[PDB]
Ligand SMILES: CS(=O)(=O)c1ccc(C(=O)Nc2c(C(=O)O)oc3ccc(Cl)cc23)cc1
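The form deposited without the named molecule is given below as one chain in structure tokens.
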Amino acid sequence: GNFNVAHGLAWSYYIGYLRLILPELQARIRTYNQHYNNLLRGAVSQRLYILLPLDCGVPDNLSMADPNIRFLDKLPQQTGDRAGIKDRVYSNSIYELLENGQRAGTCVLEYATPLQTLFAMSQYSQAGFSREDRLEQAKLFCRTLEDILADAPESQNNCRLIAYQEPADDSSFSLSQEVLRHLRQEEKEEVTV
């Protein structure tokens, strides 16, 4: 019946994590851009880019997904407040996106960790949760998280969801291209509006 784990997962992810880290993340990115743009020959986008593989495949490191997605630098932390903000642990990692060995873009990137739960659920037989259930909830997770972020206080502008199914043959899918296409569209939006 009407059992959708994705509903709770998306709400939990926003309330217990994204809501808490997005303002501080944008603040650190801005500062980083101020001190290091001369060094970067560009700018890190201020949107957290969230990877949502619909196959729920989350690797411990990003480069084993795509050798054109490569660690660049660390985002410095917040400054000497320590007044209640430091609860979650999130990635201070900036990635560069490569095209032909050349840096084509830069962003803060991370996977949507609740997809791990759906994967775990699908390997846990007592849950009675099929691969087909997993994909269905993964999609529902995306839709739900999207709706939440649409009405969220300036957080729609604070992150970008990158949902993607991967070729059920084996074409060499390019995640780096997927991300770059969003980066280019974002800069285009930022500049034509």
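Sequential numbering from 1, following the sequence displayed.
Same protein, other form: the form deposited with the named molecule bound, not shown, and the subject of what follows.
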Legend entry - Site check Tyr49, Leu98 and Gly105: each within 4.5 Å of the named molecule in the entry with it bound by heavy atom: no
Legend entry - Listed residue (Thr31, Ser63, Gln165, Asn157) with a non-hydrogen atom within 4.5 angstroms of the named molecule in the entry with it bound: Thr31
Legend entry - is_contact(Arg41, the named molecule) in the entry with it bound, heavy atom dist at most 4.5 Å: no
Legend entry - Among 142 to 150, 157 to 165, 127 to 135, 31 to 39, the region lying within 4.5 Å of the named molecule in the entry with it bound by heavy atom distance: 31 to 39
Inset, instruction - Taking the named molecule as it sits in the entry with it bound, which residues of 45 to 64 have a non-hydrogen atom within 4.5 Å of it? Please list them. - result: none
